[PDB]
Each structure stands twice: as C-alpha cells, then as structure tokens.
Number of protein chains: 2
Amino acid sequence: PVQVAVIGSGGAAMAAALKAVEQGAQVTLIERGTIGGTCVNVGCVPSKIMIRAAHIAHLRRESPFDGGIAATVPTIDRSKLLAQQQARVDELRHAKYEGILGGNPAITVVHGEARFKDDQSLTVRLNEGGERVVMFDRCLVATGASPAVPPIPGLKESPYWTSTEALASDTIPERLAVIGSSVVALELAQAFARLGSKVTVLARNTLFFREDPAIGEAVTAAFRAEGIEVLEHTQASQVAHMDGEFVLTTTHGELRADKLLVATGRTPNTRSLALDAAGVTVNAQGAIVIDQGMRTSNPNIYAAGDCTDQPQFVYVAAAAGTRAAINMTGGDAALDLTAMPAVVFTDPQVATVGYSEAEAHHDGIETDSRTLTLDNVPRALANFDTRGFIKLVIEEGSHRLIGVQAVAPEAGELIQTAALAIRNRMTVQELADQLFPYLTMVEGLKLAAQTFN
Amino acid sequence: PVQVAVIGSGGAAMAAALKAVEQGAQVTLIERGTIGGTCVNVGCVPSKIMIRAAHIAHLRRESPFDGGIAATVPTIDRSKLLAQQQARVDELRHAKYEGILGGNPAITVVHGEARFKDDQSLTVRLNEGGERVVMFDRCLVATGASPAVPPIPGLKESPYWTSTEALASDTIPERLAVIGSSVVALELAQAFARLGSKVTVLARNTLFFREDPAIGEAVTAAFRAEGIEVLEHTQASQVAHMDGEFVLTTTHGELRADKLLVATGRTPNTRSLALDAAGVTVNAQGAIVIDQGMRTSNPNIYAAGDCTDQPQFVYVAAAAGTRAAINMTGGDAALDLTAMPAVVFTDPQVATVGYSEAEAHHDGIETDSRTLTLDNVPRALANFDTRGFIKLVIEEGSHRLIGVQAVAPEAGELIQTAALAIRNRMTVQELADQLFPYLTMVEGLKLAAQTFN
Ligand SMILES: Cc1cc2nc3c(=O)[nH]c(=O)nc-3n(C[C@H](O)[C@H](O)[C@H](O)COP(=O)(O)OP(=O)(O)OC[C@H]3O[C@@H](n4cnc5c(N)ncnc54)[C@H](O)[C@@H]3O)c2cc1C
Ligand SMILES: Cc1cc2nc3c(=O)[nH]c(=O)nc-3n(C[C@H](O)[C@H](O)[C@H](O)COP(=O)(O)OP(=O)(O)OC[C@H]3O[C@@H](n4cnc5c(N)ncnc54)[C@H](O)[C@@H]3O)c2cc1C
C-alpha cells in the first residue's frame with residue numbers, strides 16, 4: 001500500500017489522514033504536541049466559547065432596551081468559565097480527533113517531532129526519547145503556524161500573552177493592552193472587554209487594514225461604543241514590566257495595563273523541518289510554496305494549511321488536506337477558493353466572500369457597488385441596533401454578484417447565502433427576485449441587491 | 001390611463017399601488033383604518049420588537065454560562081417598552097407606507113370602507129361620512145384577514161385578547177393562558193413568558209400540527225425547558241371572567257389566569273365587500289379564490305395577500321400584489337412559491353422551505369432524509385445549547401435537495417442558504433462540497449448534507 005507520511009494533526013493533517021486511508025494507503029501521522037492542533041485546542045473552539053460567554057456578559061450589562069429592562073454589572077468567575085471551556089475543548093478533542101485517529105487502525109500515530117532526513121524519509125525525535133525513521137512514498141507537511149512576536153524593545157523579556165495564554169487565563173485582567181489589529185487580536189480584545197477588562201487596542205494603521213475600509217470603520221465605531229479604546233496609527237516603542245504591571249511607551253504616551261496580548265500575526269512552523277534536505281522551497285515569510293494541488297517543489301511532498309500561504313481558516317486547511325490526500329493517492333484534485341467565506345467573530349460580526357471593490361479594480365475588473373447601512377435593514381431597526389452594513393460588488397457589464405462584505409450581527413450566517421449566489425453565478429437582479437424572510441438579517445442581501453436598479 | 005382600484009394598504013396593496021403607478025396607471029387606494037395594514041401596525045414589526053425585548057430579558061434571567069456569569073431577575077417596565085415599541089412602529093409607518101403613498105401623487109388615497117357596487121365600480125363609505133363611487137377598469141382586493149374566534153361558551157363575553165390587544169398591552173400579566181398553537185400564538189406565548197408571565201398554552205393537538213412533527217417536538221421541549229406549560233391535546237370547554245381573572249374549564253382541569261390570548265388562526269376579511277355583486281367567488285373558509293396570476297372568477301378583479309388562501313407572510317403578500325399589478329396593467333406574471341422560506345420567531349427559531357418528508361410522499365415523490373440534531377453542530381456545542389435540529393429532504397433518485405426544516409437559533413438566517421440551493425436545483429453532494437464558515441449555524445446545512453454519503 002502507498003506509504004503516506006503526515007506531519008501534524010490539525011485540520012489539514014486530519015483531513016489528509018482520513019482521506020489517504022479511505023484510498024487504501026498506509027498512514028503514519030507524526031504529532032509533536034497535543035492531538036488536534038490549533039483550532040480545537042487553542043484556537044477556534046476555545047475563542048468562540050469565550051466570545052459567547054462575553055456575549056452573555058455584555059447583554060447583561062447593557063442593551064438597546066435598557067429603558068424598560070434593568071441591566072446589572074454581572075459578577076464574573078473566570079475560573080469557572082475557564083473550567084467549563086476546557087471541559088468542552090477536551091470533549092471535542094476526544095470525539096473528533098483522538099477518537100477518530102484511534103478509530104482507524106490503518107493510521108499509525110507517532111508522538112514526536114519530525115524533520116526530513118532526506119527526500120524519501122523523516123527522522124522523528126520521539127517525545128519519550130530516542131529516534132525513529134519514517135519512510136514514505138508521499139508526505140504531507142501540515143505543521144501550522146505560531147504567534148508572531150514583533151521586535152519591540154523589552155517585549156521579549158516581559159511575561160506577555162499570545163492568544164494561547166489569553167485563552168487559558170484563569171482571571172480577567174483589570175486592564176488589558178492589545179498589540180495588533182488582526183482577526184485574533186480583535187476577537188479577543190472585545191471578548192475580554194465584555195468580560196470586565198478595560199481594553200486598549202494598538203493598531204499600527206487602521207483595523208482590518210487589508211480589508212475594504214468600511215469594515216474597519218464599522219468595527220472601530222462598535223468597539224468605542226462599548227468602551228474599548230482603539231488607538232489607530234499607534235505603536236509601542238518600548239515595553240517594560242514592573243510592580244505587577246506592563247508599562248508601554250506609545251505614540252499616545254505612556255500606557256499601563258495588568259496584562260499584554262500580542263496578536264500581530266502567525267508565522268508558519270518550518271524551522272524544525274530541515275526542508276532543505278528534501279528540496280522543499282519556502283517564500284520570504286517562511287511559508288511553504290505550493291501549487292493548486294498542494295504540491296511543493298518536491299513533487300512527492302505536499303503542504304497544506306497554516307504552514308503555507310493559504311488563508312488561515314480551519315475549513316481551508318481541511319479542504320487543502322483532503323485534496324492533498326487525493327493527489328498523493330493517484331487522484332487529481334485542486335483547491336478552489338472562489339466562493340470562500342471569511343468570518344470574524346466580533347460583535348457585530350464581519351463576513352466577506354469574493355472580491356472587494358479595490359481587489360476587483362486591482363485585477364482590472366469594472367464594477368459597481370451598493371452599501372446598505374443597517375439603519376435600512378428591518379431586523380436591525382427592530383433590534384434598535386443599526387451599526388454595520390451589507391456591501392455588494394458586481395461586475396459592471398453583466399451585473400453578476402462577485403463580492404459581498406458585511407459587518408452586522410449574524411453576518412457569518414448571511415454571508416453563506418451570498419457565497420452560494422456567487423457560486424451559482426447569479427446577478428443581483430436574480431438574487432433580489434428571490435423571496436427572503438422579512439425581519440431576518442439575510443433579508444439585507446435582497447434589499448441591498450434591489451438598490452442596483 | 002388605466003384606472004386601477006386597490007382595496008387595502010398592507011403589503012399586498014402597497015406593492016400593487018407602486019407597481020401599477022410604475023406602469024403609468026392611475027391608482028385609487030381605499031383604506032378603512034390605519035395606513036400600512038397588519039404587518040407594520042399590529043403584526044410583524046411590533047411582535048418582533050417584543051420578541052427581541054423578551055430575548056434580552058431571558059438572557060438576563062438565565063444562560064448556559066450561569067456557572068461563571070451571575071444572572072438576575074430583570075426588573076421589567078412594560079409601559080416604557082411599549083412606548084419604545086410604538087415609536088418605532090410609527091416611524092416605520094411614516095417612512096415606508098404613508099410617506100410612500102404621499103410620495104406618488106399618481107396614487108389617490110381614500111379613507112373609507114369599500115364594497116363592490118357592481119362589476120365595474122366600488123361604493124366607499126367615507127370615514128368622515130358620506131359616500132363616494134370609484135370606477136375602475138381593474139381592481140385588486142387586498143383586505144387581509146382578522147383574528148379567528150373559536151365558539152367556546154363564555155369566550156365571546158369575556159375581555160380576552162387577540163394578538164392586537166396583547167401587543168398593545170401596557171402591563172405583563174402575572175399569568176397568561178393562550179389558546180392556540182399557531183405561529184402567532186407561540187411567538188407571543190414565549191415573548192410574554194420571558195417578559196415575566198407564567199404562561200400556559202392550550203393546543204388542540206400538538207404544536208405546529210401542520211408541520212413535520214420534529215418541529216413541534218423541539219419547540220415543545222424548548223418551551224418547557226424555560227417554564228412554559230404546554231398542554232397538548234387540550235381544549236377549553238368554558239371561559240368565565242370574575243374578580244379580575246379568567247377561569248377556564250379544560251381537559252387538564254380548572255385553569256386560572258389574569259389575561260387570555262386567543263390565537264387560533266386568521267380569517268379573510270371579505271364580508272364588507274359584497275363580493276357577490278361583482279362575481280368574485282370565495283371558498284369554504286371565505287378566502288377569495290385566485291389563480292397563478294392572482295385573478296379572481298371576475299377577470300377584471302384580482303386578489304392577493306391574507307384575504308386569499310396564500311401563505312400568510314408579508315413578503316408573499318407583497319410579491320402577490322406586485323405581480324397582480326403587472327397583470328392588471330397588461331403584463332403577464334405568476335407567483336412562484338417553490339423556494340418560499342417560512343420563519344417562526346420563537347427561540348430557537350423554526351424555519352422551513354420546500355417539501356417535508358410527508359408532503360413529498362403525499363405527492364408521490366420518493367425521498368431520503370437526514371436529521372442532524374444540534375448536539376452535532378459545532379456552533380451549538382460552543383454555545384452550550386444543543387436543542388434543535390436541521391433536517392434535509394432529497395429526491396431519492398437524483399439526490400436533489402427539495403426541502404429543509406430546522407429548529408435552531410438563527411434558523412431564519414440559515415434557511416435562506418437552503419432556499420437558494422433548492423432554487424439552483426443543487427444536490428446535497430454539491431452543497432456539502434461548498435466551503436462553509438466553521439462555528440456558524442449555517443455550517444449545520446453542510447454537516448447534514450454530508451451524512452447522506
Ligand atoms: C485564537 C485563534 C482563533 C481562531 N478562530 C478561527 C475560527 O473561528 N475559524 C477558522 O476557520 N479558523 C480559526 N483560526 C485558525 C485556525 O485555527 C487554523 O487556521 C487551523 O487550525 C490551521 O490548521 P492546520 O492543520 O493547518 O494547523 P494546526 O492546527 O496549527 O496544527 C499543526 C500541527 O502540527 C504540529 N507540528 C508542527 N511542527 C511539527 C513537527 N515538526 N513534528 C510534528 N508535529 C509538528 C503542531 O504541533 C500542530 O499540532 C483561529 C486561530 C487562532 C490562533
Ligand atoms: C401578530 C402577527 C405577527 C406576524 N409576524 C409576521 C412575520 O414575522 N413575518 C411575515 O412575513 N408575516 C408576519 N405576519 C403576517 C403578516 O402580517 C400578514 O400576512 C400581512 O400583513 C398581510 O398583508 P396583506 O396586505 O395581505 O393584509 P393586511 O396588511 O392585513 O391589510 C389589509 C388592509 O385592508 C384594509 N381593509 C380590509 N377591508 C377593507 C375594506 N372593505 N375597505 C377598505 N380597507 C379594507 C385593512 O384594514 C388593512 O389595512 C404576522 C401577523 C400577525 C397578526
């Protein structure tokens with residue numbers, strides 16, 4: 001049987017292992033740490049749980065209906081919340097990862113750190129000690145990424161937090177400074193603020209600097225409306241820690257906080273791989289270079305997930321691994337990200353799919369667009385919360401919907417309707433023609449579509 | 001210009017008026033009461049607002065995270081809530097109805113009650129007094145419906161509530177009895193319960209008796225989990241009112257409550273129309289009989305909305321009126337309800353589209369189905385609330401998705417993705433192939449689709 005080696009056990013690796021076995025191949029999976037990788041252990045799952053707890057805390061503290069419903073500062077026991085959060089994480093790890101790895105004897109799991117010995121084998125330093133060599137006909141690298149650490153003087157020697165330490169924190173800091181303006185930084189910034197922290201975010205430029213500017217504007221306004229300080233075009237030139245608190249020298253003067261979260265990005269995990277030994281090329285960022293079929297410069301070796309330059313979402317990583325497994329077992333598949341949705345779990349949520357106006361123009365596409373602010377959406381008016389918008393981008397000539405960006409509660413739910421419309425190459429007229437439920441957020445897609453006439 | 005007469009000013013009438021004028025016709029619109037009709041004044045809008053207030057009150061009282069976040073019985077001031085609710089209703093009536101009727105001089109608005117004088121004109125009893133005859137080449141009847149009143153001995157002489165009185169109530173009754181098991185009955189039952197009332201629902205059979213049974217089961221369990229008493233296969237044989245309270249004789253013994261809501265259905269408003277004078281036929285229920293193009297037995301007269309047998313949703317009524325206006329002005333349009341979504345704003349919400357298993361079988365269609373309970377949906381597990389399910393129905397032969405029924409938070413948002421898939425005649429395999437955001441409720445559609453293999 002085809003010997004397939006898989007480094008890692010996150011979404012990308014898991015998808016590949018199961019698919020490879022499904023294709024009759026013998027799989028040897030090597031994991032240096034906890035089975036399940038990032039998403040289930042220190043990523044998606046724990047963060048979303050903390051965000052939901054934050055949502056309840058926020059609504060107990062305030063709402064658009066406080067005129068007739070009394071609100072109260074909720075007493076928070078982070079230690080109990082943490083315990084509940086961890087129990088759920090453990091359950092999911094067992095059920096969908098460990099239990100699945102053990103549910104396929106065809107998959108041999110090796111606990112140790114792997115690195116290429118040469119172009120046809122791996123050397124694994126076993127956790128228990130000693131070494132083992134794994135031969136392979138095909139190998140998939142799915143090592144994921146790790147939190148980036150900016151070279152700010154004094155930061156390296158302070159006890160700062162990365163998303164991992166923040167999610168595992170058993171207490172809510174009185175004051176939390178956050179360096180970064182990325183999805184991770186903002187999701188956690190708002191979660192902690194709602195759980196009781198006085199949060200100050202330091203963004204080098206503006207929030208969601210790589211996205212359509214209307215997004216960063218809506219999120220910024222949202223954050224400030226609930227007491228979160230957002231310092232745009234701000235950086236920390238020095239970090240110090242004394243007497244139980246961090247002291248940051250910033251463009252806005254001295255900022256002090258009990259805890260410091262650093263979330264400026266995630267760099268691929270490729271140093272402990274000796275990629276050079278197997279002829280696998282990496283770009284400037286350290287990301288393993290791959291083609292449409294996840295193939296690396298070494299045709300027998302593939303890469304998928306966060307260790308590549310692919311969008312960092314678990315469903316993109318899983319989709320990449322499944323297809324990688326197909327190509328490693330004779331198949332011929334490719335990853336299509338045309339209708340790929342992206343969601344940011346802040347409140348309101350951010351959701352996108354397809355082209356933004358700027359992206360389309362940069363690629364020489366003539367478009368037209370309509371931005372429907374939520375004060376024009378029945379559901380938003382009925383909830384007395386109109387922050388946000390639903391933006392539609394179409395190809396000027398044919399009026400085909402090619403992109404949608406939204407900042408609104410339930411944005412992550414409605415964005416899937418948009419993704420499907422784009423997948424089915426629908427025109428905004430065709431979409432507006434469909435019957436939508438009145439007083440739902442997704443109805444906003446229809447209303448926005450109708451403003452093109 | 002074509003003289004078009006429109007009776008009513010709700011969703012159906014409004015859509016027709018604007019469309020008729022858009023087609024160069026002279027429009028005379030007759031309304032006996034408040035402009036805007038049911039949805040904006042005493043229906044969708046006020047009910048959804050009350051339900052949102054109920055949502056905040058409920059989450060302040062309890063949540064799956066109460067182990068780490070303190071909850072408190074919120075003090076409710078229904079009078080203030082009512083005032084806020086009414087102000088929003090008034091604003092919407094002005095903006096999207098009155099302001100629109102006055103924004104088209106081509107539309108003449110007559111405040112009075114209309115009835116057919118003959119097959120070519122209407123007699124209108126003006127509110128201010130006196131009479132006026134309106135000649136027409138074409139006429140659209142969009143009179144809507146009214147709350148049904150069951151013939152329960154003693155009910156007629158008691159001061160019971162219909163949805164209108166309940167929505168306009170300035171106080172939260174300590175105990176509220178509800179007769180009915182329909183969308184309206186249940187939406188209000190849960191809203192009042194969450195706002196403080198001890199609610200008891202009397203359902204003749206089971207909840208959502210006309211829908212797939214899994215729906216009534218999930219909703220029933222939800223209601224009981226929060227203290228709402230649901231008496232199945234129960235009826236009131238006698239209603240009395242004394243000493244400030246209602247006394248009901250029921251299959252479960254004597255039930256007492258401070259207020260009584262009767263929501264057993266809505267009957268079309270056709271008695272004050274003298275339909276016989278114009279040759280317009282009505283069925284047993286009193287609903288004006290119409291064809292695919294909204295035409296009545298009298299080709300020059302059309303009907304749309306709640307006064308017909310069409311599904312009672314404002315977007316169905318509006319869609320019916322627009323098309324009616326097209327046919328009254330020379331056009332040739334038809335109303336297609338194939339991918340019509342339906343939403344019930346309880347919590348969790350109920351949402352459906354297309355065929356249910358039973359419906360498909362009754363129509364001689366061979367199907368297969370999969371029911372994914374929410375304890376299998378990542379988002380539900382992360383929120384520690386797994387009540388509900390997502391059910392998919394497919395045509396056995398081709399595996400084309402032909403129906404979806406769901407009971408879950410945000411069901412009304414995810415149902416639109418399903419509706420689009422059905423519209424685009426997608427197979428469950430094709431739907432499961434699409435990339436969905438992880439930890440969103442709509443992801444449940446993909447997960448359910450995947451269980452067909
Ligand atoms: C705080 C946070 C929140 C997030 N929220 C979301 C979200 O809501 N939705 C979403 O879609 N994505 C989210 N993501 C991103 C998502 O977690 C990742 O994109 C995804 O987990 C990456 O999967 P992967 O398989 O590529 O890598 P990973 O899951 O990161 O795992 C790689 C694995 O390989 C192991 N490994 C590395 N090197 C070696 C070696 N030499 N030998 C053996 N094992 C090795 C690692 O230890 C690890 O277990 C979030 C991330 C973070 C950090
Ligand atoms: C409590 C409640 C909640 C609801 N929630 C939703 C929801 O969330 N979503 C949804 O899609 N639907 C909902 N509906 C239903 C929706 O309100 C109706 O289907 C829709 O309003 C019907 O519109 P229509 O134009 O057919 O009739 P209507 O809006 O009912 O209006 C008919 C109009 O004609 C007038 N009229 C009648 N007879 C005469 C006459 N002889 N002369 C002059 N004028 C006359 C009436 O006074 C009225 O203004 C709800 C209904 C209720 C009662």
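Letters go in sequence order (proteins before strands), and every chain restarts at 1.
Between chain A and the options B:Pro378, B:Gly412, B:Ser63, heavy-atom pairs under 4.5 Å are most frequent for B:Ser63. Counting heavy-atom pairs under 4.5 Å between each of B:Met441, B:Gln85, B:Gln84 and chain A puts B:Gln84 at the top. Interface remark: of the candidates B:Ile415, B:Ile76, B:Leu414, B:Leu420, B:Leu420 forms the most heavy-atom pairs closer than 4.5 Å to chain A. Here B:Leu59 is the residue among B:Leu59, B:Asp336, B:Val343 with the most heavy-atom pairs under 4.5 Å with chain A. Most heavy-atom pairs under 4.5 Å with chain B: of the set A:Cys44, A:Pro74, A:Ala319, this distinction falls to A:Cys44. Taking B:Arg379, B:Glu443, B:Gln349 one by one and counting their heavy-atom pairs under 4.5 Å with chain A, the maximum is reached by B:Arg379.
When heavy atoms are compared at a cutoff of 4.5 Å, B:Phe313 does not approach chain A at all. Interface remark: B:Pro64 contributes backbone atoms only to the contact with chain A (heavy atom separation under 4.5 Å). Looking at B:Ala83, neither its backbone nor its side chain comes within 4.5 Å of chain A, counting heavy atoms on both sides. Residue contact with chain A, scored on non-hydrogen atoms closer than 4.5 Å, involves the backbone and the side chain of B:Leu381 alike. Proximity to chain A (any heavy atom under 4.5 Å) is shown, for B:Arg425, by neither the backbone nor the side chain. Within the 4.5 angstrom heavy-atom criterion, atoms from both the backbone and the side chain of B:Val45 approach chain A. Both the backbone and the side chain of B:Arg60 have a heavy atom closer than 4.5 Å to some heavy atom of chain A.
A donor-acceptor pair shorter than 3.5 Å can be found between the side chains of B:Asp90 and B:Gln86.
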